[PDB]
Amino acid sequence: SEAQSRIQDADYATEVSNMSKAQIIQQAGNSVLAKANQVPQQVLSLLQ
Amino acid sequence: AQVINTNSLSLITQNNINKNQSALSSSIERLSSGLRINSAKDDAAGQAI
Amino acid sequence: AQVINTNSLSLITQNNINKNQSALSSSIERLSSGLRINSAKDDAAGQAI
């Protein structure tokens with residue numbers, strides 16, 4: 001049983017860190033994506 | 001700016017977020033579950049052993 | 001210098017904006033996915049290492 005545990009176990013210490021990393025990366029991506037949509041807006045100011 | 005019809009600077013961000021979503025899902029489901037294999041999507045050698 | 005066919009100032013400013021857009025997109029991509037390399041096209045040494 002001790003040997004089988006090594007193959008399949010949650011390893012919470014690394015999993016919570018990976019989840020936090022993924023959440024931070026997702027929030028950063030959403031922020032920079034919302035910031036990215038405003039790039040073609042300057043053409044309107046270019047027109048008039 | 002110079003182009004309106006295509007905005008690749010947003011497509012790359014969308015692709016990055018999509019790639020991150022896989023790791024997010026895997027981590028969250030492995031956290032909720034007690035196991036690590038999660039239906040043999042990983043290396044099947046571990047599941048068989 | 002009263003010509004109208006060629007507006008050199010517009011060309012200069014447009015090429016400046018186009019040159020800056022590359023670094024802009026690079027910055028937003030590096031923010032997007034957690035990597036200074038992110039399949040680097042500037043150097044291969046760091047990628048190989």
# chains A, B, ... in the order shown; residues from 1 in each chain; ligands from 1
>>> interface_residues(of="chain B", to="chain A", cutoff="6 Å", atoms="only C-alpha atoms", output="compact mmCIF listing (two decimals) with C-alpha atoms, in the first residue's frame")
# COMPACT_ATOMS: atom_id res chain seq x y z
CA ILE B 4 -8.49 46.60 -38.19
CA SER B 10 -5.67 39.37 -29.04
CA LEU B 24 -6.09 24.89 -14.32
CA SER B 27 -5.01 20.94 -10.97
CA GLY B 34 -8.17 12.20 -3.78
CA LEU B 35 -6.30 10.49 -6.62
CA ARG B 36 -3.66 11.77 -9.05
CA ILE B 37 -4.29 9.68 -12.16
>>> interface_residues(of="chain B", to="chain C", cutoff="7 Å", atoms="only C-alpha atoms", output="list in words")
residues 1, 9, 12, 13 and 16 of chain B
>>> select_by_dssp(residues="chain A", states="helix (DSSP H, G or I)", output="ChimeraX atom specification")
/A:2-7,12-36,39-47
>>> calpha_fit_and_write(fixed="chain B", moving="chain C", output="PDB file with N, CA, C and O atoms, in the first residue's frame")
ATOM      1  N   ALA C   1       1.157  48.825 -39.518  1.00  0.00           N
ATOM      2  CA  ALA C   1       0.400  47.937 -38.645  1.00  0.00           C
ATOM      3  C   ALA C   1      -0.753  48.679 -37.984  1.00  0.00           C
ATOM      4  O   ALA C   1      -0.754  48.895 -36.773  1.00  0.00           O
ATOM      5  N   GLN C   2      -1.739  49.071 -38.794  1.00  0.00           N
ATOM      6  CA  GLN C   2      -2.926  49.756 -38.296  1.00  0.00           C
ATOM      7  C   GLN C   2      -4.203  49.025 -38.690  1.00  0.00           C
ATOM      8  O   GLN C   2      -5.264  49.649 -38.787  1.00  0.00           O
ATOM      9  N   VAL C   3      -4.124  47.715 -38.918  1.00  0.00           N
ATOM     10  CA  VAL C   3      -5.288  46.956 -39.352  1.00  0.00           C
ATOM     11  C   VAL C   3      -6.242  46.745 -38.181  1.00  0.00           C
ATOM     12  O   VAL C   3      -5.866  46.813 -37.008  1.00  0.00           O
ATOM     13  N   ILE C   4      -7.503  46.487 -38.515  1.00  0.00           N
ATOM     14  CA  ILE C   4      -8.535  46.264 -37.512  1.00  0.00           C
ATOM     15  C   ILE C   4      -9.238  44.922 -37.681  1.00  0.00           C
ATOM     16  O   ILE C   4      -9.764  44.384 -36.691  1.00  0.00           O
ATOM     17  N   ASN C   5      -9.240  44.339 -38.883  1.00  0.00           N
ATOM     18  CA  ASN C   5      -9.928  43.069 -39.100  1.00  0.00           C
ATOM     19  C   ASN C   5      -9.358  41.967 -38.218  1.00  0.00           C
ATOM     20  O   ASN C   5     -10.109  41.201 -37.604  1.00  0.00           O
ATOM     21  N   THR C   6      -8.033  41.870 -38.141  1.00  0.00           N
ATOM     22  CA  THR C   6      -7.362  40.842 -37.358  1.00  0.00           C
ATOM     23  C   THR C   6      -6.571  41.497 -36.237  1.00  0.00           C
ATOM     24  O   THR C   6      -5.692  42.326 -36.493  1.00  0.00           O
ATOM     25  N   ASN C   7      -6.883  41.123 -35.001  1.00  0.00           N
ATOM     26  CA  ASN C   7      -6.185  41.616 -33.816  1.00  0.00           C
ATOM     27  C   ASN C   7      -5.315  40.477 -33.297  1.00  0.00           C
ATOM     28  O   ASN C   7      -5.756  39.675 -32.468  1.00  0.00           O
ATOM     29  N   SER C   8      -4.073  40.416 -33.785  1.00  0.00           N
ATOM     30  CA  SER C   8      -3.198  39.293 -33.460  1.00  0.00           C
ATOM     31  C   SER C   8      -2.932  39.205 -31.964  1.00  0.00           C
ATOM     32  O   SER C   8      -2.771  38.107 -31.419  1.00  0.00           O
ATOM     33  N   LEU C   9      -2.877  40.351 -31.281  1.00  0.00           N
ATOM     34  CA  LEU C   9      -2.615  40.340 -29.846  1.00  0.00           C
ATOM     35  C   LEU C   9      -3.733  39.634 -29.092  1.00  0.00           C
ATOM     36  O   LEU C   9      -3.475  38.858 -28.160  1.00  0.00           O
ATOM     37  N   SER C  10      -4.982  39.886 -29.486  1.00  0.00           N
ATOM     38  CA  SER C  10      -6.103  39.194 -28.864  1.00  0.00           C
ATOM     39  C   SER C  10      -6.023  37.694 -29.107  1.00  0.00           C
ATOM     40  O   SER C  10      -6.297  36.901 -28.203  1.00  0.00           O
ATOM     41  N   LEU C  11      -5.639  37.285 -30.318  1.00  0.00           N
ATOM     42  CA  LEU C  11      -5.510  35.860 -30.610  1.00  0.00           C
ATOM     43  C   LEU C  11      -4.433  35.220 -29.743  1.00  0.00           C
ATOM     44  O   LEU C  11      -4.628  34.129 -29.192  1.00  0.00           O
ATOM     45  N   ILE C  12      -3.285  35.888 -29.616  1.00  0.00           N
ATOM     46  CA  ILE C  12      -2.198  35.353 -28.803  1.00  0.00           C
ATOM     47  C   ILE C  12      -2.645  35.198 -27.357  1.00  0.00           C
ATOM     48  O   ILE C  12      -2.458  34.142 -26.736  1.00  0.00           O
ATOM     49  N   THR C  13      -3.257  36.244 -26.801  1.00  0.00           N
ATOM     50  CA  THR C  13      -3.667  36.179 -25.403  1.00  0.00           C
ATOM     51  C   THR C  13      -4.761  35.136 -25.198  1.00  0.00           C
ATOM     52  O   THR C  13      -4.772  34.429 -24.182  1.00  0.00           O
ATOM     53  N   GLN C  14      -5.672  35.003 -26.164  1.00  0.00           N
ATOM     54  CA  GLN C  14      -6.749  34.030 -26.034  1.00  0.00           C
ATOM     55  C   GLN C  14      -6.216  32.606 -26.079  1.00  0.00           C
ATOM     56  O   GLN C  14      -6.661  31.751 -25.307  1.00  0.00           O
ATOM     57  N   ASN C  15      -5.262  32.325 -26.972  1.00  0.00           N
ATOM     58  CA  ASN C  15      -4.716  30.973 -27.006  1.00  0.00           C
ATOM     59  C   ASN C  15      -3.883  30.693 -25.762  1.00  0.00           C
ATOM     60  O   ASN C  15      -3.860  29.560 -25.270  1.00  0.00           O
ATOM     61  N   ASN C  16      -3.213  31.715 -25.222  1.00  0.00           N
ATOM     62  CA  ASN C  16      -2.512  31.539 -23.952  1.00  0.00           C
ATOM     63  C   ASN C  16      -3.485  31.161 -22.841  1.00  0.00           C
ATOM     64  O   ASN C  16      -3.238  30.224 -22.070  1.00  0.00           O
ATOM     65  N   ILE C  17      -4.603  31.882 -22.749  1.00  0.00           N
ATOM     66  CA  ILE C  17      -5.596  31.594 -21.717  1.00  0.00           C
ATOM     67  C   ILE C  17      -6.181  30.201 -21.913  1.00  0.00           C
ATOM     68  O   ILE C  17      -6.386  29.453 -20.946  1.00  0.00           O
ATOM     69  N   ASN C  18      -6.454  29.826 -23.165  1.00  0.00           N
ATOM     70  CA  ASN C  18      -7.015  28.508 -23.439  1.00  0.00           C
ATOM     71  C   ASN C  18      -6.035  27.406 -23.065  1.00  0.00           C
ATOM     72  O   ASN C  18      -6.435  26.363 -22.534  1.00  0.00           O
ATOM     73  N   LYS C  19      -4.745  27.617 -23.331  1.00  0.00           N
ATOM     74  CA  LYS C  19      -3.747  26.623 -22.963  1.00  0.00           C
ATOM     75  C   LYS C  19      -3.623  26.506 -21.451  1.00  0.00           C
ATOM     76  O   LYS C  19      -3.453  25.405 -20.917  1.00  0.00           O
ATOM     77  N   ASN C  20      -3.712  27.633 -20.742  1.00  0.00           N
ATOM     78  CA  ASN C  20      -3.596  27.585 -19.290  1.00  0.00           C
ATOM     79  C   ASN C  20      -4.818  26.945 -18.643  1.00  0.00           C
ATOM     80  O   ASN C  20      -4.702  26.322 -17.578  1.00  0.00           O
ATOM     81  N   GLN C  21      -5.990  27.092 -19.267  1.00  0.00           N
ATOM     82  CA  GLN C  21      -7.218  26.571 -18.675  1.00  0.00           C
ATOM     83  C   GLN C  21      -7.171  25.060 -18.502  1.00  0.00           C
ATOM     84  O   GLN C  21      -7.802  24.523 -17.585  1.00  0.00           O
ATOM     85  N   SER C  22      -6.425  24.357 -19.356  1.00  0.00           N
ATOM     86  CA  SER C  22      -6.323  22.907 -19.232  1.00  0.00           C
ATOM     87  C   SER C  22      -5.649  22.515 -17.924  1.00  0.00           C
ATOM     88  O   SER C  22      -6.189  21.713 -17.150  1.00  0.00           O
ATOM     89  N   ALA C  23      -4.460  23.063 -17.668  1.00  0.00           N
ATOM     90  CA  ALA C  23      -3.779  22.799 -16.405  1.00  0.00           C
ATOM     91  C   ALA C  23      -4.593  23.293 -15.221  1.00  0.00           C
ATOM     92  O   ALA C  23      -4.587  22.659 -14.159  1.00  0.00           O
ATOM     93  N   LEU C  24      -5.300  24.412 -15.384  1.00  0.00           N
ATOM     94  CA  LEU C  24      -6.172  24.891 -14.318  1.00  0.00           C
ATOM     95  C   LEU C  24      -7.208  23.832 -13.953  1.00  0.00           C
ATOM     96  O   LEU C  24      -7.326  23.433 -12.787  1.00  0.00           O
ATOM     97  N   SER C  25      -7.953  23.354 -14.954  1.00  0.00           N
ATOM     98  CA  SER C  25      -8.986  22.352 -14.717  1.00  0.00           C
ATOM     99  C   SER C  25      -8.397  21.074 -14.141  1.00  0.00           C
ATOM    100  O   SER C  25      -9.008  20.437 -13.276  1.00  0.00           O
ATOM    101  N   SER C  26      -7.208  20.685 -14.606  1.00  0.00           N
ATOM    102  CA  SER C  26      -6.562  19.494 -14.062  1.00  0.00           C
ATOM    103  C   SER C  26      -6.260  19.664 -12.580  1.00  0.00           C
ATOM    104  O   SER C  26      -6.495  18.750 -11.780  1.00  0.00           O
ATOM    105  N   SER C  27      -5.739  20.830 -12.196  1.00  0.00           N
ATOM    106  CA  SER C  27      -5.436  21.080 -10.791  1.00  0.00           C
ATOM    107  C   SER C  27      -6.698  21.029  -9.939  1.00  0.00           C
ATOM    108  O   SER C  27      -6.727  20.375  -8.888  1.00  0.00           O
ATOM    109  N   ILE C  28      -7.752  21.724 -10.372  1.00  0.00           N
ATOM    110  CA  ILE C  28      -8.996  21.706  -9.603  1.00  0.00           C
ATOM    111  C   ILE C  28      -9.580  20.298  -9.520  1.00  0.00           C
ATOM    112  O   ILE C  28     -10.122  19.909  -8.483  1.00  0.00           O
ATOM    113  N   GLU C  29      -9.444  19.492 -10.576  1.00  0.00           N
ATOM    114  CA  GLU C  29      -9.965  18.127 -10.508  1.00  0.00           C
ATOM    115  C   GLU C  29      -9.163  17.270  -9.531  1.00  0.00           C
ATOM    116  O   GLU C  29      -9.739  16.491  -8.753  1.00  0.00           O
ATOM    117  N   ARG C  30      -7.833  17.394  -9.565  1.00  0.00           N
ATOM    118  CA  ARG C  30      -7.000  16.638  -8.637  1.00  0.00           C
ATOM    119  C   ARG C  30      -7.299  17.028  -7.196  1.00  0.00           C
ATOM    120  O   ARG C  30      -7.320  16.171  -6.306  1.00  0.00           O
ATOM    121  N   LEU C  31      -7.535  18.318  -6.947  1.00  0.00           N
ATOM    122  CA  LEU C  31      -8.012  18.723  -5.628  1.00  0.00           C
ATOM    123  C   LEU C  31      -9.370  18.107  -5.329  1.00  0.00           C
ATOM    124  O   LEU C  31      -9.637  17.687  -4.198  1.00  0.00           O
ATOM    125  N   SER C  32     -10.240  18.045  -6.338  1.00  0.00           N
ATOM    126  CA  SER C  32     -11.607  17.589  -6.130  1.00  0.00           C
ATOM    127  C   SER C  32     -11.642  16.156  -5.625  1.00  0.00           C
ATOM    128  O   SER C  32     -12.268  15.867  -4.601  1.00  0.00           O
ATOM    129  N   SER C  33     -10.972  15.234  -6.327  1.00  0.00           N
ATOM    130  CA  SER C  33     -11.015  13.827  -5.910  1.00  0.00           C
ATOM    131  C   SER C  33      -9.613  13.236  -5.801  1.00  0.00           C
ATOM    132  O   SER C  33      -9.155  12.532  -6.702  1.00  0.00           O
ATOM    133  N   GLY C  34      -8.936  13.545  -4.696  1.00  0.00           N
ATOM    134  CA  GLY C  34      -7.928  12.705  -4.073  1.00  0.00           C
ATOM    135  C   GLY C  34      -7.078  11.801  -4.942  1.00  0.00           C
ATOM    136  O   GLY C  34      -6.780  10.678  -4.529  1.00  0.00           O
ATOM    137  N   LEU C  35      -6.654  12.258  -6.118  1.00  0.00           N
ATOM    138  CA  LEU C  35      -5.949  11.376  -7.039  1.00  0.00           C
ATOM    139  C   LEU C  35      -5.079  12.190  -7.982  1.00  0.00           C
ATOM    140  O   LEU C  35      -5.541  13.177  -8.560  1.00  0.00           O
ATOM    141  N   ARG C  36      -3.822  11.772  -8.130  1.00  0.00           N
ATOM    142  CA  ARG C  36      -2.988  12.313  -9.195  1.00  0.00           C
ATOM    143  C   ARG C  36      -3.302  11.646 -10.526  1.00  0.00           C
ATOM    144  O   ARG C  36      -3.101  12.250 -11.586  1.00  0.00           O
ATOM    145  N   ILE C  37      -3.794  10.410 -10.492  1.00  0.00           N
ATOM    146  CA  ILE C  37      -4.109   9.690 -11.723  1.00  0.00           C
ATOM    147  C   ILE C  37      -5.516  10.027 -12.199  1.00  0.00           C
ATOM    148  O   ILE C  37      -5.703  10.493 -13.327  1.00  0.00           O
ATOM    149  N   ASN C  38      -6.511   9.778 -11.349  1.00  0.00           N
ATOM    150  CA  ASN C  38      -7.938  10.047 -11.609  1.00  0.00           C
ATOM    151  C   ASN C  38      -8.353   9.755 -13.057  1.00  0.00           C
ATOM    152  O   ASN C  38      -8.899  10.596 -13.772  1.00  0.00           O
ATOM    153  N   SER C  39      -8.124   8.502 -13.457  1.00  0.00           N
ATOM    154  CA  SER C  39      -8.312   8.028 -14.832  1.00  0.00           C
ATOM    155  C   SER C  39      -7.443   8.842 -15.796  1.00  0.00           C
ATOM    156  O   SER C  39      -7.921   9.571 -16.666  1.00  0.00           O
ATOM    157  N   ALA C  40      -6.136   8.684 -15.601  1.00  0.00           N
ATOM    158  CA  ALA C  40      -5.156   9.515 -16.286  1.00  0.00           C
ATOM    159  C   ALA C  40      -5.243   9.358 -17.797  1.00  0.00           C
ATOM    160  O   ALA C  40      -5.346   8.246 -18.324  1.00  0.00           O
ATOM    161  N   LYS C  41      -5.204  10.495 -18.490  1.00  0.00           N
ATOM    162  CA  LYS C  41      -5.103  10.532 -19.938  1.00  0.00           C
ATOM    163  C   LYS C  41      -3.709  10.884 -20.424  1.00  0.00           C
ATOM    164  O   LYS C  41      -3.455  10.808 -21.629  1.00  0.00           O
ATOM    165  N   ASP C  42      -2.810  11.275 -19.520  1.00  0.00           N
ATOM    166  CA  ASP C  42      -1.452  11.621 -19.924  1.00  0.00           C
ATOM    167  C   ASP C  42      -0.553  10.390 -20.005  1.00  0.00           C
ATOM    168  O   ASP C  42       0.237  10.259 -20.948  1.00  0.00           O
ATOM    169  N   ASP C  43      -0.649   9.481 -19.035  1.00  0.00           N
ATOM    170  CA  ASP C  43       0.146   8.261 -19.065  1.00  0.00           C
ATOM    171  C   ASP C  43      -0.723   7.077 -18.668  1.00  0.00           C
ATOM    172  O   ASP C  43      -1.588   7.194 -17.796  1.00  0.00           O
ATOM    173  N   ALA C  44      -0.491   5.939 -19.321  1.00  0.00           N
ATOM    174  CA  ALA C  44      -1.180   4.703 -18.979  1.00  0.00           C
ATOM    175  C   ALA C  44      -0.339   3.767 -18.123  1.00  0.00           C
ATOM    176  O   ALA C  44      -0.896   2.861 -17.492  1.00  0.00           O
ATOM    177  N   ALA C  45       0.981   3.964 -18.094  1.00  0.00           N
ATOM    178  CA  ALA C  45       1.851   3.075 -17.331  1.00  0.00           C
ATOM    179  C   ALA C  45       1.506   3.109 -15.848  1.00  0.00           C
ATOM    180  O   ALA C  45       1.368   2.061 -15.208  1.00  0.00           O
ATOM    181  N   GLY C  46       1.372   4.309 -15.284  1.00  0.00           N
ATOM    182  CA  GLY C  46       1.030   4.415 -13.875  1.00  0.00           C
ATOM    183  C   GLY C  46      -0.330   3.824 -13.563  1.00  0.00           C
ATOM    184  O   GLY C  46      -0.517   3.185 -12.525  1.00  0.00           O
ATOM    185  N   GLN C  47      -1.296   4.025 -14.462  1.00  0.00           N
ATOM    186  CA  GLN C  47      -2.625   3.461 -14.257  1.00  0.00           C
ATOM    187  C   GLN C  47      -2.573   1.941 -14.229  1.00  0.00           C
ATOM    188  O   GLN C  47      -3.156   1.300 -13.346  1.00  0.00           O
ATOM    189  N   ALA C  48      -1.861   1.343 -15.188  1.00  0.00           N
ATOM    190  CA  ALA C  48      -1.737  -0.111 -15.216  1.00  0.00           C
ATOM    191  C   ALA C  48      -1.010  -0.629 -13.981  1.00  0.00           C
ATOM    192  O   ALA C  48      -1.390  -1.660 -13.412  1.00  0.00           O
ATOM    193  N   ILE C  49       0.035   0.077 -13.546  1.00  0.00           N
ATOM    194  CA  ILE C  49       0.792  -0.369 -12.381  1.00  0.00           C
ATOM    195  C   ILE C  49      -0.077  -0.321 -11.131  1.00  0.00           C
ATOM    196  O   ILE C  49      -0.061  -1.247 -10.310  1.00  0.00           O
TER     197      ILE C  49
END
